[PDB]
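Next comes just one chain, in C-alpha cells: the form deposited in one PDB entry.
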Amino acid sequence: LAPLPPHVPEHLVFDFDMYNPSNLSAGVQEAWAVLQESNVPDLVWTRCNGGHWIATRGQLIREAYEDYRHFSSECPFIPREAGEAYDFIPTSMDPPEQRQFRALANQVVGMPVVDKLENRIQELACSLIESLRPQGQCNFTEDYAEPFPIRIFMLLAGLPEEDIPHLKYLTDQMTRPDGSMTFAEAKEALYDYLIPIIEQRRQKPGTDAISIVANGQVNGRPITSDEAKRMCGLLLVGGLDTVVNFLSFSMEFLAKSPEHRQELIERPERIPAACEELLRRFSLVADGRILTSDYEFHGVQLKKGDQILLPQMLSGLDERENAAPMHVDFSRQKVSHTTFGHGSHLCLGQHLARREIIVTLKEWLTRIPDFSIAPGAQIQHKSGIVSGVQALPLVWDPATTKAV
C-alpha cells in the first residue's frame, strides 16, 4: 500500500486492487462492482499498485474521457511504470495530434473494411467450430477464442499464416505478463518483429493494413517509420485479448444459462441485440489517464501527475445507467455502456469486434446449440487492464450437433 499523498482525504480511501480484487472467485465484473456499493463515493483513492484515483460511476467515467485537456492519455496504464513506457499510437496520444493518426487507423479497421470482411470472418468461425464439433468438448478460450482474432489480423495485415505462432508468442509476452520481463522489454521484442516488415512495405507497399499505415500521411506530412511501428503494434494487440476474453465471458454465460441459449436458438434475429447486452454485462477493459494539472473534479482535489483509473467496465454496470445491471436481458430498451470506451479514443475496432462476436454466436449456436460447463469445473477469472477467463472447458453431446 503506497503512502497516502497529503492531498488525498481519508474518507476517499478504498484500497481496491485492480489486478487482484477481493472475491474475484465470484466473477470479475462482480468483484469490480463492489466499487458501486452505496457507501462508496463516486471518486475514490486506492493505495494499491502505486496509488491512483478510481472513478466508480458512469457519469464521472464519461466526463473524464471527454476532458482530454485535464485527463491525458500520455500515461494511460496502472502501474505508472507501464503507462510511462507505453507509446502505442493513437492510444498514448492526446487530441489535437491524435485526431489524424486515428483517421489513418480508421482506414484499415473501419466499417467499410468490416462489411467487406464479413464472409471471411464467417468462414474462419465455421472451420474452427467444425473442427471441435464432433469432439464433444473443448477449452473454448484455448481452442476457439485464442486462434480467432489473430487469424483475422493476419488477413487484415497481409501477414503469412506461418507467422501466427511467433506473433502469438510475442503478444502474449506483453499482455499476459508473468513478471519475467518488464512491459518495455516485451514491447521491444514485439517492435523487433514489426520493424523489418514496415521497412519492406515502405520500399515495396501492397494493399494490406501495414502498407496503408506505413505509407500514410498525417498532420501535413508522411508518417515516420517510428510512428507506423507504434500504430501497427496497437492494431495487432488491440483486437486480441479484448476479443478472446470477451468471447469467453459470453460463452461462459451461455453455457450456464440454458434459457438464454434457447432464446437465441429460437430467435436468431435477437443475436445482434444479445451481443450488445453481453457487451454491457461482460464489459472488461479498465485503463485511465494522468492529470495534466491540478484540477477540482466533482468536489475532489486532483493533483498534476496523479493517475486516475476510469474503468470502461463500470459504466454499464452502474445502476444509475441500467436498472438491475447484473441481470442479462436481450430485450433491454436502452443498453447503456462504455465497453468500447468514450471520447476521442472510442474504439476504432468496435465494428470489427461486433461482427466477430455476432458471427461467433450465430455459427456456434447453429452447430452446437446445447453445451454446458464441464461438470466439477469452476471457471477462474483474471483481473487487470483487460479482465478475462483463465480457461473455459465446455462439453456437449455430439449427437445434438449438426455439421452445417
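All residue numbers refer to positions in the sequence shown, first residue = 1. Each form is matched to the other, and the largest set of C-alpha atoms that superpose within 1.5 Å is called the rigid core.
What comes next is about the form deposited in another entry, which does not appear here.
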Displaced residue between the shown form and the other one, judged on C-alpha after the rigid core is fitted, out of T175, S250, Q312, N139 (threshold 2 Å or more): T175
Core-aligned C-alpha movement of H327 between the shown form and the other one, 2 Å or more: no
Rigid core superposed: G238 CA moves 2 Å or more between the shown form and the other one: no
Rigid core superposition, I271 Cα moves 2 angstroms or more between the shown form and the other one: no
Pairwise C-alpha change, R176 versus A286, in the other form against this form - closer or farther, 3 angstroms or more: closer
Shift in CA distance, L302 and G83, in the other form relative to the form shown here, given it is 3 Å or more: farther
